[PDB]
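Enquirer: Please read through the structure below; I'll follow up with questions.
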Amino acid sequence: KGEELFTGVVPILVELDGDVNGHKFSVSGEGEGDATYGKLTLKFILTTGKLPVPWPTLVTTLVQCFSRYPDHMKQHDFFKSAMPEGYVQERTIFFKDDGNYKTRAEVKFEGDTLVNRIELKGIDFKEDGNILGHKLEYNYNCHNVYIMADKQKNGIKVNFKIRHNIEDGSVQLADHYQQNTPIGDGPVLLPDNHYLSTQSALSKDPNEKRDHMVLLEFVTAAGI
(Lines give C-alpha, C1' and ligand atoms only; values in the text may rest on other atoms or scores of the structure.)
Protein backbone atom coordinates (compact mmCIF):
# COMPACT_ATOMS: atom_id res chain seq x y z
CA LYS A 1 0.00 0.00 0.00
CA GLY A 2 3.11 2.31 0.34
CA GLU A 3 2.57 3.35 -3.35
CA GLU A 4 -0.67 5.12 -2.15
CA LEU A 5 1.40 7.49 0.04
CA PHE A 6 2.86 9.00 -3.18
CA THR A 7 -0.26 9.82 -5.34
CA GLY A 8 -0.04 13.61 -4.66
CA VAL A 9 2.68 16.13 -3.73
CA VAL A 10 4.71 15.02 -0.65
CA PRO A 11 6.82 17.49 1.37
CA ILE A 12 10.50 16.42 1.73
CA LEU A 13 13.09 17.11 4.44
CA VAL A 14 16.79 16.22 3.91
CA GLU A 15 19.33 16.43 6.73
CA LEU A 16 23.00 15.62 6.00
CA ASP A 17 25.61 15.22 8.84
CA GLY A 18 28.94 15.46 6.95
CA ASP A 19 32.60 14.91 7.88
CA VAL A 20 35.09 15.11 4.95
CA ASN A 21 38.86 14.86 5.84
CA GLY A 22 37.90 16.12 9.35
CA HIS A 23 35.95 19.15 7.89
CA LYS A 24 32.52 18.98 9.63
CA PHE A 25 29.36 20.45 8.07
CA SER A 26 25.56 20.15 7.92
CA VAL A 27 23.19 20.62 4.96
CA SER A 28 19.38 21.03 5.20
CA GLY A 29 17.07 20.40 2.21
CA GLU A 30 13.38 21.35 1.90
CA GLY A 31 10.97 20.93 -0.99
CA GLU A 32 8.59 18.37 -2.43
CA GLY A 33 8.24 15.29 -4.60
CA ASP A 34 5.47 14.36 -7.07
CA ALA A 35 6.12 10.65 -7.92
CA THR A 36 3.22 10.78 -10.45
CA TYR A 37 5.64 12.80 -12.74
CA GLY A 38 8.88 11.55 -11.10
CA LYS A 39 9.56 15.18 -10.18
CA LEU A 40 11.76 16.44 -7.27
CA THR A 41 12.20 20.15 -6.39
CA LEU A 42 14.58 20.82 -3.46
CA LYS A 43 16.63 23.71 -2.04
CA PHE A 44 19.71 22.64 0.01
CA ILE A 45 21.46 25.11 2.39
CA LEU A 46 24.78 24.70 4.20
CA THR A 47 23.63 25.26 7.84
CA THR A 48 26.84 24.27 9.83
CA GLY A 49 30.54 24.68 8.85
CA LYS A 50 32.16 25.64 5.51
CA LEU A 51 31.32 23.42 2.46
CA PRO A 52 34.56 21.49 1.80
CA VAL A 53 33.35 19.55 -1.30
CA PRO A 54 31.60 20.63 -4.51
CA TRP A 55 27.74 20.56 -4.45
CA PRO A 56 27.53 18.17 -7.44
CA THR A 57 29.45 15.48 -5.45
CA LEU A 58 26.57 15.43 -2.85
CA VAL A 59 23.61 15.16 -5.37
CA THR A 60 23.35 11.31 -5.27
CA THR A 61 23.57 11.32 -1.41
CA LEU A 62 20.96 14.13 -0.95
CA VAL A 63 14.98 9.74 -2.27
CA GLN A 64 14.33 7.24 -5.11
CA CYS A 65 10.75 6.58 -3.74
CA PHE A 66 9.91 9.69 -5.93
CA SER A 67 10.76 7.79 -9.16
CA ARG A 68 7.94 7.47 -11.75
CA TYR A 69 7.27 3.74 -12.25
CA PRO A 70 5.04 3.30 -15.37
CA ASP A 71 1.83 1.31 -14.59
CA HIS A 72 3.20 -1.89 -16.25
CA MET A 73 6.25 -1.71 -13.86
CA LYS A 74 4.48 -0.88 -10.50
CA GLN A 75 5.25 -4.40 -9.14
CA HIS A 76 9.02 -3.51 -9.36
CA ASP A 77 8.89 -0.37 -7.09
CA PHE A 78 10.81 -1.52 -3.98
CA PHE A 79 11.24 2.10 -2.71
CA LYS A 80 7.49 2.94 -2.27
CA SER A 81 6.65 -0.64 -1.08
CA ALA A 82 9.00 -0.17 1.96
CA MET A 83 6.97 2.91 3.10
CA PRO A 84 5.91 4.31 5.44
CA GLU A 85 8.43 2.43 7.75
CA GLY A 86 11.03 3.17 5.07
CA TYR A 87 14.42 1.81 4.04
CA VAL A 88 18.10 2.18 4.86
CA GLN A 89 20.22 3.41 1.92
CA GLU A 90 23.93 2.67 2.24
CA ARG A 91 26.61 3.64 -0.30
CA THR A 92 30.30 3.67 -0.87
CA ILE A 93 31.35 6.31 -3.46
CA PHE A 94 34.90 6.04 -4.84
CA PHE A 95 36.21 9.24 -6.46
CA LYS A 96 38.77 7.89 -9.03
CA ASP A 97 42.36 8.79 -7.88
CA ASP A 98 40.93 10.64 -4.84
CA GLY A 99 38.98 9.97 -1.61
CA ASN A 100 35.77 8.06 -0.76
CA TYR A 101 32.36 8.83 0.81
CA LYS A 102 30.69 6.26 3.04
CA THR A 103 27.00 7.16 3.57
CA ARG A 104 24.14 5.74 5.63
CA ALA A 105 20.65 7.20 5.39
CA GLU A 106 17.19 6.37 6.65
CA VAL A 107 14.35 7.35 4.28
CA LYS A 108 10.97 7.16 6.02
CA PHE A 109 7.79 9.16 6.67
CA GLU A 110 7.71 11.33 9.82
CA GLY A 111 4.08 12.36 10.00
CA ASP A 112 3.21 13.39 6.39
CA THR A 113 6.84 14.42 5.46
CA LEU A 114 9.28 12.12 3.59
CA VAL A 115 12.56 12.47 5.49
CA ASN A 116 16.07 11.63 4.23
CA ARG A 117 18.41 11.48 7.31
CA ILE A 118 22.03 10.99 6.11
CA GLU A 119 25.43 10.41 7.79
CA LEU A 120 28.38 10.99 5.41
CA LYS A 121 32.09 10.34 6.16
CA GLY A 122 34.72 11.38 3.56
CA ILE A 123 38.43 10.32 3.77
CA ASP A 124 41.67 10.36 1.62
CA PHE A 125 40.71 13.51 -0.32
CA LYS A 126 43.79 15.19 -1.97
CA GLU A 127 44.25 18.93 -0.95
CA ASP A 128 44.64 20.15 -4.61
CA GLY A 129 42.48 17.41 -6.21
CA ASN A 130 39.16 17.99 -8.04
CA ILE A 131 37.01 17.68 -4.84
CA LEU A 132 38.83 19.70 -2.09
CA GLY A 133 40.12 22.06 -4.85
CA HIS A 134 36.51 22.73 -6.07
CA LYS A 135 37.42 22.08 -9.80
CA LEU A 136 34.04 20.43 -10.78
CA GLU A 137 31.58 22.30 -13.07
CA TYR A 138 28.26 23.26 -11.40
CA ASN A 139 26.15 20.96 -13.58
CA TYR A 140 24.92 17.36 -13.80
CA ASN A 141 24.68 14.78 -16.66
CA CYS A 142 21.67 12.47 -17.17
CA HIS A 143 22.55 9.03 -15.67
CA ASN A 144 20.91 5.56 -15.75
CA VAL A 145 20.90 3.67 -12.40
CA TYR A 146 20.72 -0.21 -12.71
CA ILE A 147 18.49 -1.79 -9.99
CA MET A 148 18.91 -5.53 -9.11
CA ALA A 149 17.15 -7.53 -6.37
CA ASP A 150 19.43 -9.10 -3.66
CA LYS A 151 16.74 -11.54 -2.43
CA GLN A 152 18.98 -13.25 0.18
CA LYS A 153 19.49 -9.78 1.82
CA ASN A 154 15.75 -8.79 1.55
CA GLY A 155 16.61 -5.73 -0.61
CA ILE A 156 18.13 -4.21 -3.75
CA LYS A 157 21.68 -3.45 -4.94
CA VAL A 158 22.56 -0.55 -7.31
CA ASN A 159 26.01 0.03 -8.98
CA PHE A 160 26.60 3.13 -11.22
CA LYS A 161 29.32 5.63 -12.24
CA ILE A 162 28.63 9.41 -12.19
CA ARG A 163 30.75 11.54 -14.57
CA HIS A 164 31.44 15.00 -13.04
CA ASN A 165 32.64 17.38 -15.85
CA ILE A 166 35.80 19.47 -15.17
CA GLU A 167 36.42 22.82 -17.10
CA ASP A 168 39.56 21.51 -18.88
CA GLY A 169 37.44 18.72 -20.55
CA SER A 170 38.55 15.90 -18.21
CA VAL A 171 35.99 14.12 -15.94
CA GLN A 172 35.98 13.09 -12.25
CA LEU A 173 34.50 9.54 -12.03
CA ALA A 174 32.39 8.75 -8.92
CA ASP A 175 31.80 4.98 -8.66
CA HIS A 176 28.65 4.24 -6.56
CA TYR A 177 27.92 0.97 -4.69
CA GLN A 178 24.45 1.17 -3.11
CA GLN A 179 22.31 -1.20 -0.99
CA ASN A 180 18.73 -0.58 0.18
CA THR A 181 17.10 -2.62 2.93
CA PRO A 182 13.65 -2.25 4.55
CA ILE A 183 13.39 -0.93 8.14
CA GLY A 184 10.01 -2.74 8.61
CA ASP A 185 9.26 -6.50 8.84
CA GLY A 186 6.28 -6.15 6.42
CA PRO A 187 6.60 -7.66 2.89
CA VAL A 188 8.23 -5.45 0.16
CA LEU A 189 8.47 -5.83 -3.69
CA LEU A 190 11.80 -7.39 -4.78
CA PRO A 191 12.07 -6.19 -8.39
CA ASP A 192 13.21 -7.75 -11.67
CA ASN A 193 16.35 -5.98 -13.07
CA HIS A 194 15.48 -2.48 -14.39
CA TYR A 195 16.94 1.05 -14.41
CA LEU A 196 16.03 4.60 -13.37
CA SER A 197 16.73 7.41 -15.87
CA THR A 198 17.63 10.45 -13.72
CA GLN A 199 17.78 14.00 -15.24
CA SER A 200 19.22 16.58 -12.74
CA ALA A 201 19.36 20.42 -13.07
CA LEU A 202 21.43 22.47 -10.56
CA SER A 203 20.73 26.20 -10.11
CA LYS A 204 21.10 29.03 -7.54
CA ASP A 205 18.48 31.14 -5.70
CA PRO A 206 19.43 34.73 -6.65
CA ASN A 207 18.01 35.97 -3.25
CA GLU A 208 20.11 33.48 -1.18
CA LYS A 209 23.44 34.66 0.39
CA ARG A 210 24.28 31.28 2.11
CA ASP A 211 26.17 28.52 0.19
CA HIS A 212 23.32 26.49 -1.34
CA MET A 213 22.07 24.33 -4.25
CA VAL A 214 18.66 24.36 -6.00
CA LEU A 215 17.88 20.94 -7.56
CA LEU A 216 15.18 19.88 -10.08
CA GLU A 217 15.03 16.18 -11.04
CA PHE A 218 12.88 13.99 -13.26
CA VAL A 219 13.31 10.21 -12.59
CA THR A 220 11.62 7.52 -14.77
CA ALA A 221 11.87 3.73 -14.29
CA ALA A 222 12.39 1.74 -17.55
CA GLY A 223 13.68 -1.52 -19.09
CA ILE A 224 10.99 -4.22 -18.41
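The way I read the labels, and the way they are meant: chains A, B, ... in the order of the C-alpha coordinates, residue 1 as the first residue of every chain, and ligand 1 as the first ligand shown, with later ones counted on from there.
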Any idea what's packed within 7 Å of residue 158 of chain A, counting only C-alpha atoms, ignoring anything in its chain fewer than 4 positions away? Could you give it as a list in words?
Expert: residues 145, 146, 147, 148, 177, 178 and 179 of chain A
Enquirer: Any chance you could list, as a PyMOL selection string, the residues in segment 2-62 of chain A that come up strand (DSSP E) when DSSP is run on the backbone?
Expert: chain A and resi 10-20+23-34+39-48
Enquirer: Let's see if you can do this: from backbone DSSP, list all alpha helix (DSSP H) residues in segment 24-191 of chain A, as a list in words.
Expert: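 Here are the alpha helix (DSSP H) residues of segment 24-191 of chain A: residues 78, 79, 80 and 81 of chain A.
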Enquirer: Near residue 59 of chain A, within 12 Å and counting only C-alpha atoms, which residues show up once chain neighbours fewer than 3 positions away are dropped, as number ranges by chain?
Expert: A: 14, 16, 27, 29, 42-44, 53-56, 62-63, 93, 138-141, 162, 164, 174, 198-202, 213-217
Enquirer: Restricting the calculation to only C-alpha atoms: of A:175, A:208, A:192, A:90, which residue gets closest to residue 46 of chain A?
Expert: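 Closest to residue 46 of chain A, using only C-alpha atoms: A:208.
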